[PDB]
Amino acid sequence: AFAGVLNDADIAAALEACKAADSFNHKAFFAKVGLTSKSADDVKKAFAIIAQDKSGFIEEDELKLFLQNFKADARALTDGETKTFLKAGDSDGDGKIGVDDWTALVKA
Ligand SMILES: [Ca+2]
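Residue 1 is where the sequence shown starts when you use the deposited numbering, and the numbers rise one by one after that.
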């Protein structure tokens with residue numbers, strides 16, 4: 001999956017780990033799905049696939065649909081989860097996550 005960067009089994013396990021509302025954590029997910037150990041180049045590919053906006057930036061509203069990039073009928077993140085995700089990843093403060101924010105977040 002994701003241009004071969006992630007394998008189906010890891011993704012399945014990561015989604016099962018966070019089925020419960022408010023059980024998602026970006027760091028836990030990145031680890032389990034196996035992205036954290038990937039090269040920046042692969043990490044950035046994952047970002048480009050995930051980001052829906054031609055602007056190149058992911059808004060909080062879109063983060064809500066985060067798991068649905070991995071499985072179409074996955075749950076939406078809760079507002080608590082998206083708030084947490086956004087605060088951790090928006091290193092520069094513009095309210096969004098760009099590729100730079102994403103790469104730093106994943107690999108930190
Ligand atoms: Ca930002």
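For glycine and all other residues, C-beta sits at the position ideal for the given N, C-alpha and C.
- In this chain, the alpha helix (DSSP H) harbouring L86 covers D79 to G89.
- The criterion of a C-beta distance shorter than 8 Å is not satisfied by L105 and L67.
- In this structure, the C-beta of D94 approaches ligand 1 to less than 7 Å from one of its heavy atoms.
- Within the stretch 20–73, the complete alpha helix (DSSP H) segments of 4 residues or longer fall at 26–33, 40–50 and 60–63, listed in chain order.
- Here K32 is near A13, since their CB atoms are less than 8 Å apart.
- Between the C-alpha atoms of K64 and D73 there is a straight-line separation of about 13 Å.
- Pairing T78 with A21 gives a Cβ-Cβ distance under 8 Å.
- Taking each of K45, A88, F70 and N69 in turn and checking the Cα distance to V99, the smallest one comes out for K45.
- Per DSSP, the continuous alpha helix (DSSP H) segment holding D10 begins and ends at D8 to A17.
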